[PDB]
Amino acid sequence: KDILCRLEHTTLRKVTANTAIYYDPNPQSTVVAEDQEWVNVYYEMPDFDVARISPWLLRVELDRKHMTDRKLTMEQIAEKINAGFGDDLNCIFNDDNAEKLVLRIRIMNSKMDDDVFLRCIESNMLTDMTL
Amino acid sequence: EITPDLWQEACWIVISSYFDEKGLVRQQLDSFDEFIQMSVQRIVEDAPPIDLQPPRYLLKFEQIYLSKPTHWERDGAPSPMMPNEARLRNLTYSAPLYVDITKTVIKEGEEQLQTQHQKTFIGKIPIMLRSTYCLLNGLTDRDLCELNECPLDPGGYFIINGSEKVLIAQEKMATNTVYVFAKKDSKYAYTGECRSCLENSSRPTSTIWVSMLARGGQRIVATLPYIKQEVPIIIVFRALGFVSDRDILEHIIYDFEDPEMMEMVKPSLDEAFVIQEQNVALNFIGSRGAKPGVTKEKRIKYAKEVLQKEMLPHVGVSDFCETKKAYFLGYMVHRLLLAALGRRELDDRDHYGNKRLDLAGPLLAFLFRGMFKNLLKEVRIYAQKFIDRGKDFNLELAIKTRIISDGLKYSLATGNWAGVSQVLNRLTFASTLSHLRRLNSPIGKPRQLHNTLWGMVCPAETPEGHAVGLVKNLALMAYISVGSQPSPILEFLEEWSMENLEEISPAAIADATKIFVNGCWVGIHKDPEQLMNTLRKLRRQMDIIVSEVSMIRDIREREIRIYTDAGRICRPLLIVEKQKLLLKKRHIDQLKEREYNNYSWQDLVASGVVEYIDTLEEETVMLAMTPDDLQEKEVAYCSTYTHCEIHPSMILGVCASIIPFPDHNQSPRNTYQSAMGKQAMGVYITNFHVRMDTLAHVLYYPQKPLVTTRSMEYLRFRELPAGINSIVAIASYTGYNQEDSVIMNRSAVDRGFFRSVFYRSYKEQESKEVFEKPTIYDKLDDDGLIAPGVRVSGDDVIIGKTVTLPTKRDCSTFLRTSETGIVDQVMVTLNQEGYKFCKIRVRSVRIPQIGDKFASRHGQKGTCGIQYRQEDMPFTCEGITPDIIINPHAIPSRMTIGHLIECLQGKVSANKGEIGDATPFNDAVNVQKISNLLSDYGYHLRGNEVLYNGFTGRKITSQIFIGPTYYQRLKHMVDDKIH
Amino acid sequence: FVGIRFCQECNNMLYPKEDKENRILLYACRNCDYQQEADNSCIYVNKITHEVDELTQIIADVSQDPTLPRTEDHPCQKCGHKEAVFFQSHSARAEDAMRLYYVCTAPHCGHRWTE
Amino acid sequence: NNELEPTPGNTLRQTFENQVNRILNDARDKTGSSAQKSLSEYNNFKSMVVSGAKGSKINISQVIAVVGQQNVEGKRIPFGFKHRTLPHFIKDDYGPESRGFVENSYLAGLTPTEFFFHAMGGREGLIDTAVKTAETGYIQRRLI
Ligand SMILES: [Zn+2]
């Protein structure tokens with residue numbers, strides 16, 4: 001099975017369970033209640049620039065069974081995102097053993113719509129990452 | 001009040017009443033009557049009155065007048081014309097048709113002069129045999145057998161140029177109905193199609209598409225007629241006159257509580273937010289087309305015209321109909337959206353409900369429309385040519401009846417529209433019935449047999465080869481609706497509530513049931529159950545709603561559909577109460593004395609006992625196979641029996657009804673036998689002597705099968721059959737009994753097995769060619785034609801014809817490479833031009849040789865192995881030498897155990913006397929009962945018998961299975977092909 | 001989860017919008033100047049798993065369908081009616097779709113459930 | 001009750017259709033084998049069966065024991081009507097009586113529903129043979 005998982009193609013569709021774009025008046029505010037403590041833990045001493053984050057947030061809750069079956073982990077997804085798009089796609093992954101595992105994506109600032117831009121980014125991301 | 005254990009005779013006499021009330025070709029006759037009475041009269045109801053120009057000239061048509069068929073000779077003297085007379089010559093059995101015309105002339109003098117020409121001969125139209133306008137309508141048996149006409153002839157065919165042509169109902173997709181499909185290679189994930197018309201008023205094709213693009217983001221697009229480029233649906237909706245997005249979504253989604261439909265239709269709105277004004281939408285739509293407007297206002301006008309009339313004509317083409325058109329478009333988009341989400345299954349093309357059958361009626365109506373348009377164009381050309389001087393105008397010289405006559409003759413003779421209107425198959429009565437009752441698929445996956453064909457179409461009967469599946473045949477009880485005006489149902493609906501679509505808020509549609517009439521969304525209703533109950537009561541009483549009207553309630557979809565248009569196929573079947581039939585013992589008693597009581601099948605229909613259910617209503621109804629053991633009390637399966645079949649065996653067709661015990665065979669054998677019965681040799685018509693049809697075969701001694709089905713009672717097979725009952729033994733005698741071949745008794749052939757007469761007809765015409773004996777020609781008479789009764793051998797001249805050479809070239813006709821025989825009849829007559837033509841009927845005697853092919857009712861086509869005399873043939877203890885010996889080894893290959901059961905039942909019937917019954921689904925006649933009956937007559941129960949070798953007289957060790965079986969001689973013979 | 005918001009005076013759709021001076025989500029119609037305060041704070045949600053309650057789609061009106069397999073063993077718990085009508089989901093895009101839903105066969109009372 | 005953990009590599013519908021098809025097929029094969037073993041020494045069918053067993057075993061089994069399940073496109077009879085094979089059944093009926101399983105043999109006679117399902121199966125077989133002969137002829141010509 002371990003040999004199988006690294007031979008079978010896996011997009012973001014096969015691992016994700018739900019996807020939603022929220023608007024955050026403050027990353028510390030964290031309108032998603034369940035993620036508040038982890039957000040406070042992460043954004044303290046940030047590796048990226050807090051002032052450069054986009055107000056919008058793309059939160060995707062993955063499928064635990066699919067992740068376990070393919071032996072996938074959060075850091076692999078994060079590094080795949082970083083390789084695919086670069087440093088200006090700051091992504092944060094909650095945890096592995098934590099119940100209801102989830103991960104968040106924001107856009108580093110650097111015309112048509114701010115939210116439709118994230119819509120198109122997700123549309124071209126959900127079936128192109130090749131985990 | 002109830003009929004327990006008597007159900008068989010009751011249902012069979014019910015079927016008898018249905019058949020002797022309607023007949024076998026009732027659908028064609030009814031369709032032709034509807035076309036003549038209504039379609040021809042309605043041919044002028046929407047075409048613009050003729051106007052020409054400054055003097056002005058107006059021409060209008062008032063009414064039609066159709067008379068009985070009449071023929072005009074060369075001198076022009078009219079005379080009554082008979083179908084036999086029309087068949088003897090190569091002419092058309094057509095009746096004249098006249099029209100009333102009014103012409104008004106204005107010379108700018110403020111006065112209009114109007115004159116009416118009455119009974120203006122508009123042209124001759126063919127009259128189909130046995131129709132209400134045919135001379136044979138309402139004639140007794142003696143009246144038919146005093147004008148040289150067969151009483152058993154079903155009619156329902158035209159006589160074009162002396163040839164019997166039958167119109168085959170063309171299968172087409174149903175009109176005014178929304179279908180959702182999903183193509184694989186196409187970029188559209190789901191496509192919504194709706195073919196629309198205005199009941200043959202104009203433009204026979206007018207369809208729009210409502211598709212959605214695949215996400216490989218759900219963009220909904222609309223394709224409109226006369227629009228080259230794709231158009232977003234929201235743009236079309238705003239063009240219709242609904243600028244606000246909320247109104248558009250109200251027309252699309254009736255229930256705002258459903259969020260997924262809105263979030264998936266969001267891309268449609270997001271792709272057309274730039275256009276918010278109606279005029280902008282009209283400009284956008286008109287900017288794309290076959291002929292784009294030179295200016296913006298012209299483009300807007302063109303878009304208005306294409307939206308108002310070209311697209312969705314069925315919902316309405318009036319000046320103020322945008323709201324209804326928008327509602328129907330929203331319904332289409334709603335259907336597409338719900339099909340995308342999986343709310344409803346994708347529409348099935350193979351589903352027979354979504355198909356209509358164009359009989360002679362609609363096809364002739366389309367032909368008449370085309371020919372009327374051509375005649376109007378010719379009249380306009382003639383009037384323009386003759387109006388330059390402006391002296392006067394004459395309608396009699398401006399009318400060209402020849403155009404209509406030639407168009408009808410060409411369309412019914414050559415069959416070009418292809419595959420329609422071929423010569424009627426007059427080789428067997430069963431073959432003729434099957435040809436008169438058949439269906440052609442539109443495709444030049446219809447290959448397979450759909451579930452919805454049950455009762456609608458015969459399952460077993462279908463051709464073999466490249467045409468398998470394409471050609472189908474109607475079941476015995478099948479019928480085609482001739483179409484009724486939808487109006488009375490309408491005024492009845494507005495008589496009840498039916499909150500009209502014009503004056504309802506879109507919120508009311510969410511919890512209401514949509515009401516459609518002929519596919520048009522006429523409105524909504526609040527209580528659909530009682531509405532359907534009232535509609536069913538009216539249909540049963542036939543007070544306002546005829547029996548052919550189809551009414552469907554899709555409860556889950558919350559829709560009610562009413563179909564009154566011609567084409568849909570339905571069968572009549574019983575109506576069931578809570579757990580009881582509507583058919584009581586009183587109805588059976590009344591039907592028993594059908595004569596001298598004027599209680600026919602129509603009375604049974606009008607009594608609310610039997611009703612016609614079509615394919616559309618079949619999903620909403622749950623049938624009962626038999627009333628004997630389905631409404632009784634047992635382990636509960638379904639207690640809501642609302643309808644019951646009169647008899648399951650009625651699902652078979654004409655050819656499939658010939659097979660005895662068809663349920664004991666497998667379907668390939670039933671199909672093969674249905675194919676064989678068409679070419680089975682025997683008497684085909686009662687008046688074969690007077691008529692001359694080429695390639696005719698008549699059997700010496702046709703016999704009723706010893707094993708028969710009750711359906712064959714209504715096929716008039718016992719009236720005139722095709723085949724002989726022969727004593728067949730299943731043994732391997734001398735090796736001439738291979739997998740297909742059989743060996744028959746030479747002495748019994750000398751006694752009259754399948755002795756046949758083959759009549760061949762040769763027709764010749766002379767024109768400026770003369771019938772005269774040239775100076776072998778010995779048998780020729782002084783008139784250039786040999787008198788009947790002379791034996792003609794090979795390389796012999798039967799017709800002496802000489803053509804002048806501008807010393808004289810000979811254009812005589814030979815006997816087509818030694819077609820030996822004896823001339824039966826000679827005929828000379830004058831054609832339409834008055835030229836003399838001749839017809840020669842020659843009979844040839846065909847005695848079964850060892851190359852002729854014979855087939856049982858179970859088994860493949862098989863030639864004769866070898867013919868042995870009676871002494872050579874094996875014999876039983878009673879000296880009964882088998883008539884035909886067949887291969888035992890052919891059971892896996894050609895013939896089934898149905899053949900063995902037929903042999904057993906035939907032996908039982910021959911010993912007992914009463915003709916055995918082979919009803920397919922009987923449950924009271926099985927193998928054990930037949931075996932017991934045979935054993936009761938001093939025979940082995942299993943049909944085996946001790947046989948003695950003919951050559952040596954030794955008692956054969958294995959007891960041979962021998963019994964009487966019905967065999968059929970086939971058209972394929974060595975004598976036919978040696979020539 | 002998001003529903004739908006409509007402009008009032010223009011009767012058109014409201015699109016998400018952001019104002020930097022207040023730094024909060026709003027819904028504004030692009031062809032007008034109307035703005036509305038947004039409370040959900042979630043512009044949309046994507047449900048690729050397609051977990052939808054089939055009971056909501058089912059209407060009680062289908063209870064009076066003769067072709068449906070009426071059953072007696074399972075009674076309606078709302079009104080005590082023993083007779084019911086069971087049928088499968090028969091909905092596309094659902095791989096796990098054979099669950100039997102029961103509609104009460106009461107006289108136009110109606111009740112949809114699953115056992 | 002769908003506890004019934006589905007087999008890997010297939011959905012619920014495919015898995016349970018496979019289970020039903022396997023049950024029907026093995027029952028048909030067992031009945032056919034029993035019918036063939038029934039013929040001891042005198043049955044004339046056994047003479048062809050024991051010698052010409054190329055393709056006659058199934059025909060004999062159908063004649064004596066059971067016709068068997070009727071299949072269309074490698075699957076049971078599809079719901080031509082709305083979730084119903086024929087109007088004589090109930091909606092969403094996956095039992096052996098529907099979907100095209102012929103309980104009775106050819107001797108006992110086929111019920112009208114079984115007759116129609118067998119007609120569908122025979123029509124599919126005729127279509128398959130008609131296309132197969134043409135394709136085989138084309139392949140033979142191309143190869144030669
Ligand atoms: Zn607005």
# chains A, B, ... in the order shown; residues from 1 in each chain; ligands from 1

$ residues_around --residues "residue 13 of chain D" --least-positions-apart "2" --cutoff "8 Å" --atoms "only C-alpha atoms" --output "ChimeraX atom specification"
/C:95-98 /D:11,15-17

$ residues_near_ligand --ligand "ligand 1" --cutoff "9 Å" --atoms "only C-alpha atoms and all ligand atoms" --output "PDB file with C-alpha atoms, in the first residue's frame"
ATOM      1  CA  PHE C   6     -30.785  40.949  -2.838  1.00  0.00           C
ATOM      2  CA  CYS C   7     -30.688  44.707  -3.358  1.00  0.00           C
ATOM      3  CA  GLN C   8     -33.988  46.394  -2.506  1.00  0.00           C
ATOM      4  CA  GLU C   9     -34.443  49.452  -4.719  1.00  0.00           C
ATOM      5  CA  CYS C  10     -32.708  47.801  -7.692  1.00  0.00           C
ATOM      6  CA  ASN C  11     -33.987  44.255  -6.980  1.00  0.00           C
ATOM      7  CA  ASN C  12     -30.617  42.816  -7.994  1.00  0.00           C
ATOM      8  CA  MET C  13     -27.900  40.627  -6.515  1.00  0.00           C
ATOM      9  CA  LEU C  14     -25.543  41.908  -3.819  1.00  0.00           C
ATOM     10  CA  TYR C  15     -21.852  41.069  -4.238  1.00  0.00           C
ATOM     11  CA  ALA C  28     -23.196  45.887  -2.297  1.00  0.00           C
ATOM     12  CA  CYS C  29     -24.959  45.906  -5.654  1.00  0.00           C
ATOM     13  CA  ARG C  30     -22.542  46.775  -8.444  1.00  0.00           C
ATOM     14  CA  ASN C  31     -25.073  48.785 -10.487  1.00  0.00           C
ATOM     15  CA  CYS C  32     -26.207  50.903  -7.514  1.00  0.00           C
ATOM     16  CA  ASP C  33     -24.881  52.427  -4.296  1.00  0.00           C
ATOM     17  CA  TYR C  34     -26.720  50.270  -1.740  1.00  0.00           C
ATOM     18  CA  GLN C  35     -24.651  48.512   0.921  1.00  0.00           C
TER      19      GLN C  35
END

$ residues_around --residues "residue 14 of chain A" --least-positions-apart "4" --cutoff "9 Å" --atoms "only C-alpha atoms" --output "ChimeraX atom specification"
/A:10,63,66-67

$ residues_around --residues "residue 114 of chain C" --least-positions-apart "2" --cutoff "12 Å" --atoms "only C-alpha atoms" --output "mmCIF file with N, CA, C and O atoms, in the first residue's frame"
data_model
loop_
_atom_site.group_PDB
_atom_site.id
_atom_site.type_symbol
_atom_site.label_atom_id
_atom_site.label_comp_id
_atom_site.auth_asym_id
_atom_site.auth_seq_id
_atom_site.Cartn_x
_atom_site.Cartn_y
_atom_site.Cartn_z
ATOM 1 N N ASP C 53 -29.265 16.446 3.074
ATOM 2 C CA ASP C 53 -30.373 15.740 3.711
ATOM 3 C C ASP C 53 -31.434 15.452 2.656
ATOM 4 O O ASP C 53 -32.132 16.357 2.194
ATOM 5 N N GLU C 54 -31.554 14.181 2.267
ATOM 6 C CA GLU C 54 -32.544 13.792 1.271
ATOM 7 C C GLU C 54 -33.971 13.949 1.782
ATOM 8 O O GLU C 54 -34.892 14.110 0.974
ATOM 9 N N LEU C 55 -34.170 13.922 3.102
ATOM 10 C CA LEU C 55 -35.515 14.043 3.657
ATOM 11 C C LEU C 55 -36.149 15.378 3.285
ATOM 12 O O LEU C 55 -37.365 15.458 3.076
ATOM 13 N N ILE C 58 -37.572 15.154 -0.227
ATOM 14 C CA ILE C 58 -38.764 14.322 -0.316
ATOM 15 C C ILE C 58 -39.990 15.124 0.095
ATOM 16 O O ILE C 58 -39.982 15.838 1.106
ATOM 17 N N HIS C 74 -43.493 -1.126 9.461
ATOM 18 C CA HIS C 74 -42.903 0.075 10.038
ATOM 19 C C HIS C 74 -43.966 1.153 10.196
ATOM 20 O O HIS C 74 -44.472 1.661 9.187
ATOM 21 N N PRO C 75 -44.330 1.533 11.419
ATOM 22 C CA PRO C 75 -45.334 2.579 11.612
ATOM 23 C C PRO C 75 -44.719 3.960 11.769
ATOM 24 O O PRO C 75 -43.580 4.126 12.211
ATOM 25 N N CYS C 76 -45.504 4.966 11.392
ATOM 26 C CA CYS C 76 -45.083 6.349 11.570
ATOM 27 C C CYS C 76 -45.093 6.707 13.049
ATOM 28 O O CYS C 76 -46.086 6.484 13.747
ATOM 29 N N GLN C 77 -43.982 7.264 13.532
ATOM 30 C CA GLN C 77 -43.881 7.591 14.949
ATOM 31 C C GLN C 77 -44.593 8.892 15.299
ATOM 32 O O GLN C 77 -44.929 9.109 16.469
ATOM 33 N N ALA C 84 -47.078 2.737 5.731
ATOM 34 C CA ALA C 84 -46.089 3.698 5.267
ATOM 35 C C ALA C 84 -45.711 3.353 3.834
ATOM 36 O O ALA C 84 -46.162 2.350 3.279
ATOM 37 N N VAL C 85 -44.881 4.199 3.234
ATOM 38 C CA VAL C 85 -44.387 3.988 1.878
ATOM 39 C C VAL C 85 -42.878 4.171 1.898
ATOM 40 O O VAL C 85 -42.392 5.258 2.223
ATOM 41 N N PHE C 86 -42.138 3.128 1.538
ATOM 42 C CA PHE C 86 -40.684 3.185 1.538
ATOM 43 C C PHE C 86 -40.160 3.237 0.111
ATOM 44 O O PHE C 86 -40.694 2.573 -0.783
ATOM 45 N N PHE C 87 -39.123 4.044 -0.099
ATOM 46 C CA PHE C 87 -38.471 4.094 -1.401
ATOM 47 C C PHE C 87 -37.017 4.504 -1.227
ATOM 48 O O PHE C 87 -36.633 5.104 -0.220
ATOM 49 N N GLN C 88 -36.210 4.172 -2.230
ATOM 50 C CA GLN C 88 -34.787 4.457 -2.192
ATOM 51 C C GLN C 88 -34.524 5.926 -2.512
ATOM 52 O O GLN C 88 -35.423 6.682 -2.888
ATOM 53 N N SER C 89 -33.264 6.333 -2.341
ATOM 54 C CA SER C 89 -32.889 7.716 -2.614
ATOM 55 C C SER C 89 -32.990 8.050 -4.096
ATOM 56 O O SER C 89 -33.454 9.139 -4.449
ATOM 57 N N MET C 98 -28.622 3.888 -1.393
ATOM 58 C CA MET C 98 -29.677 2.888 -1.418
ATOM 59 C C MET C 98 -30.556 2.988 -0.174
ATOM 60 O O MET C 98 -31.468 2.172 -0.011
ATOM 61 N N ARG C 99 -30.340 3.991 0.676
ATOM 62 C CA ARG C 99 -31.062 4.101 1.933
ATOM 63 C C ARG C 99 -32.554 4.283 1.691
ATOM 64 O O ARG C 99 -32.973 5.014 0.788
ATOM 65 N N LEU C 100 -33.359 3.628 2.520
ATOM 66 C CA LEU C 100 -34.806 3.594 2.349
ATOM 67 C C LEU C 100 -35.431 4.675 3.220
ATOM 68 O O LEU C 100 -35.270 4.660 4.443
ATOM 69 N N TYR C 101 -36.146 5.601 2.591
ATOM 70 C CA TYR C 101 -36.901 6.615 3.310
ATOM 71 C C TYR C 101 -38.378 6.256 3.300
ATOM 72 O O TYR C 101 -38.904 5.760 2.296
ATOM 73 N N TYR C 102 -39.038 6.507 4.428
ATOM 74 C CA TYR C 102 -40.432 6.152 4.637
ATOM 75 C C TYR C 102 -41.264 7.419 4.774
ATOM 76 O O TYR C 102 -40.936 8.303 5.572
ATOM 77 N N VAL C 103 -42.340 7.495 4.000
ATOM 78 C CA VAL C 103 -43.316 8.573 4.078
ATOM 79 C C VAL C 103 -44.612 7.992 4.622
ATOM 80 O O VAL C 103 -45.079 6.948 4.149
ATOM 81 N N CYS C 104 -45.178 8.652 5.628
ATOM 82 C CA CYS C 104 -46.417 8.179 6.227
ATOM 83 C C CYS C 104 -47.557 8.258 5.220
ATOM 84 O O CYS C 104 -47.665 9.226 4.461
ATOM 85 N N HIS C 111 -45.509 12.559 6.798
ATOM 86 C CA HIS C 111 -44.317 12.529 7.637
ATOM 87 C C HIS C 111 -43.216 11.719 6.966
ATOM 88 O O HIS C 111 -43.446 10.584 6.538
ATOM 89 N N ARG C 112 -42.018 12.286 6.882
ATOM 90 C CA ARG C 112 -40.884 11.657 6.217
ATOM 91 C C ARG C 112 -39.826 11.319 7.256
ATOM 92 O O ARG C 112 -39.458 12.171 8.071
ATOM 93 N N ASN D 1 -30.908 -2.437 5.367
ATOM 94 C CA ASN D 1 -30.231 -2.115 6.618
ATOM 95 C C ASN D 1 -28.771 -1.721 6.414
ATOM 96 O O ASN D 1 -28.154 -1.200 7.349
#

$ closest_atom_pairs --of "chain C" --to "chain A" --cutoff "12 Å" --atoms "only C-alpha atoms" --output "CSV"
residue,atom,partner,partner_atom,distance
C:1,CA,A:20,CA,8.4
C:2,CA,A:20,CA,10.0
C:15,CA,A:115,CA,10.1
C:16,CA,A:115,CA,7.9
C:17,CA,A:115,CA,8.7
C:18,CA,A:114,CA,9.0
C:19,CA,A:55,CA,11.0
C:20,CA,A:55,CA,10.1
C:22,CA,A:25,CA,9.6
C:23,CA,A:25,CA,6.6
C:24,CA,A:25,CA,6.0
C:25,CA,A:23,CA,6.9
C:26,CA,A:23,CA,10.2
C:30,CA,A:113,CA,11.9
C:38,CA,A:23,CA,10.2
C:39,CA,A:23,CA,10.6
C:40,CA,A:22,CA,8.9
C:41,CA,A:23,CA,5.5
C:42,CA,A:22,CA,4.3
C:43,CA,A:21,CA,6.2
C:44,CA,A:20,CA,5.9
C:45,CA,A:20,CA,4.2
C:46,CA,A:19,CA,4.8
C:47,CA,A:18,CA,5.2
C:48,CA,A:18,CA,6.1
C:49,CA,A:17,CA,5.9
C:50,CA,A:18,CA,9.3
C:51,CA,A:17,CA,10.3

$ select_by_dssp --residues "chain D" --states "helix (DSSP H, G or I)" --output "NGL selection string"
:D and (12-38 or 44-51 or 57-64 or 112-143)

$ interface_residues --of "chain B" --to "chain C" --cutoff "10 Å" --atoms "only C-alpha atoms" --output "PyMOL selection string"
chain B and resi 243-248+256-260+262-263+266+269-270+273-274+276+339-346+511+528-529+553-558+619-623+636-642

$ interface_residues --of "chain B" --to "chain D" --cutoff "7 Å" --atoms "only C-alpha atoms" --output "ChimeraX atom specification"
/B:351,447-452,459-460,465,618-619,621-625,648,663-665,667-668,892,921

$ write_last_selection --atoms "N, CA, C and O atoms" --output "short mmCIF file (atom, residue, chain, number, x, y, z; two decimals), in the first residue's frame"
data_model
loop_
_atom_site.label_atom_id
_atom_site.label_comp_id
_atom_site.auth_asym_id
_atom_site.auth_seq_id
_atom_site.Cartn_x
_atom_site.Cartn_y
_atom_site.Cartn_z
N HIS B 351 -36.57 5.63 -24.34
CA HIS B 351 -37.90 5.60 -23.74
C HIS B 351 -38.97 5.85 -24.79
O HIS B 351 -38.93 6.86 -25.50
N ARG B 447 -31.32 -0.06 -31.49
CA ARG B 447 -31.10 -1.48 -31.74
C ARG B 447 -31.82 -2.35 -30.72
O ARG B 447 -32.50 -3.31 -31.09
N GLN B 448 -31.69 -2.02 -29.44
CA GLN B 448 -32.22 -2.88 -28.40
C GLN B 448 -33.71 -2.67 -28.20
O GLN B 448 -34.31 -1.72 -28.72
N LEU B 449 -34.32 -3.59 -27.45
CA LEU B 449 -35.75 -3.57 -27.18
C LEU B 449 -35.96 -2.95 -25.80
O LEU B 449 -35.52 -3.51 -24.79
N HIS B 450 -36.64 -1.81 -25.75
CA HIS B 450 -36.80 -1.08 -24.51
C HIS B 450 -37.91 -1.69 -23.65
O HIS B 450 -38.79 -2.40 -24.14
N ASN B 451 -37.85 -1.40 -22.35
CA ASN B 451 -38.88 -1.88 -21.43
C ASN B 451 -40.23 -1.26 -21.74
O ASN B 451 -41.27 -1.91 -21.60
N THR B 452 -40.24 0.01 -22.16
CA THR B 452 -41.48 0.72 -22.43
C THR B 452 -42.24 0.17 -23.64
O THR B 452 -43.39 0.55 -23.84
N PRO B 459 -42.68 -7.75 -29.07
CA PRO B 459 -41.26 -7.97 -28.76
C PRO B 459 -40.58 -8.93 -29.71
O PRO B 459 -39.44 -8.69 -30.11
N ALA B 460 -41.25 -10.02 -30.08
CA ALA B 460 -40.59 -11.06 -30.86
C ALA B 460 -40.38 -10.64 -32.31
O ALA B 460 -39.32 -10.88 -32.89
N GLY B 465 -30.65 -9.09 -39.82
CA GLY B 465 -29.64 -8.51 -40.68
C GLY B 465 -29.28 -7.10 -40.24
O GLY B 465 -29.14 -6.83 -39.04
N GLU B 618 -48.04 4.89 -18.32
CA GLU B 618 -47.68 3.57 -17.82
C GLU B 618 -46.80 3.64 -16.58
O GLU B 618 -46.89 2.76 -15.72
N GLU B 619 -45.94 4.65 -16.48
CA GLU B 619 -45.11 4.79 -15.28
C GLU B 619 -45.97 5.09 -14.06
O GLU B 619 -45.69 4.58 -12.96
N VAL B 621 -48.99 4.19 -13.51
CA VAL B 621 -49.95 3.12 -13.25
C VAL B 621 -49.18 1.86 -12.90
O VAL B 621 -48.07 1.65 -13.40
N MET B 622 -49.74 1.05 -12.01
CA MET B 622 -49.15 -0.23 -11.62
C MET B 622 -50.12 -1.32 -12.04
O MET B 622 -51.19 -1.48 -11.43
N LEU B 623 -49.76 -2.06 -13.08
CA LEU B 623 -50.67 -2.99 -13.73
C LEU B 623 -50.80 -4.30 -12.95
O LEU B 623 -49.98 -4.62 -12.08
N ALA B 624 -51.84 -5.04 -13.28
CA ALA B 624 -52.04 -6.40 -12.80
C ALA B 624 -51.98 -7.34 -14.00
O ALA B 624 -52.67 -7.11 -15.00
N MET B 625 -51.15 -8.37 -13.90
CA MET B 625 -50.96 -9.28 -15.03
C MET B 625 -52.24 -10.05 -15.33
O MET B 625 -52.71 -10.08 -16.48
N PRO B 648 -52.22 -11.09 -21.24
CA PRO B 648 -50.80 -10.86 -21.55
C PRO B 648 -50.41 -11.24 -22.97
O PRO B 648 -49.55 -10.59 -23.57
N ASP B 663 -44.09 -19.00 -25.26
CA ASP B 663 -43.36 -18.90 -24.01
C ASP B 663 -42.47 -20.11 -23.76
O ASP B 663 -41.57 -20.04 -22.93
N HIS B 664 -42.71 -21.22 -24.46
CA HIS B 664 -41.87 -22.40 -24.32
C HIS B 664 -40.65 -22.37 -25.23
O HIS B 664 -39.79 -23.25 -25.12
N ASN B 665 -40.56 -21.39 -26.12
CA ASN B 665 -39.40 -21.20 -26.97
C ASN B 665 -38.52 -20.09 -26.41
O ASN B 665 -38.86 -19.42 -25.43
N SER B 667 -36.48 -16.42 -27.45
CA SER B 667 -36.78 -15.26 -28.30
C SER B 667 -36.16 -15.31 -29.69
O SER B 667 -36.84 -14.88 -30.64
N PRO B 668 -34.91 -15.76 -29.89
CA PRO B 668 -34.42 -15.85 -31.28
C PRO B 668 -35.29 -16.71 -32.17
O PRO B 668 -35.51 -16.37 -33.34
N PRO B 892 -30.82 -28.24 -30.21
CA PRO B 892 -30.01 -27.07 -29.82
C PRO B 892 -29.87 -26.03 -30.92
O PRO B 892 -29.57 -24.87 -30.61
N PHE B 921 -49.75 -17.79 -22.32
CA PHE B 921 -49.78 -17.78 -20.86
C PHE B 921 -51.16 -18.25 -20.42
O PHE B 921 -52.07 -17.45 -20.19
#

$ closest_residue --among "C:115, C:21, C:37, C:83" --to "chain D" --atoms "only C-alpha atoms"
C:115

$ closest_atom_pairs --of "chain B" --to "chain A" --cutoff "10 Å" --atoms "only C-alpha atoms" --output "JSON lines"
{"residue": "B:215", "atom": "CA", "partner": "A:123", "partner_atom": "CA", "distance": 9.6}
{"residue": "B:216", "atom": "CA", "partner": "A:127", "partner_atom": "CA", "distance": 9.9}
{"residue": "B:217", "atom": "CA", "partner": "A:123", "partner_atom": "CA", "distance": 8.8}

$ write_last_selection --atoms "N, CA and C atoms" --output "CSV table (one decimal), in the first residue's frame"
chain,number,residue,atom,x,y,z
B,215,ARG,N,-17.4,21.8,-16.0
B,215,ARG,CA,-16.4,22.5,-15.2
B,215,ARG,C,-14.9,22.1,-15.5
B,216,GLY,N,-14.7,21.0,-16.3
B,216,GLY,CA,-13.4,20.6,-16.7
B,216,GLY,C,-12.8,21.5,-17.8
B,217,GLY,N,-18.4,27.9,-11.7
B,217,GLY,CA,-17.9,27.5,-13.0
B,217,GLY,C,-18.9,26.9,-14.0
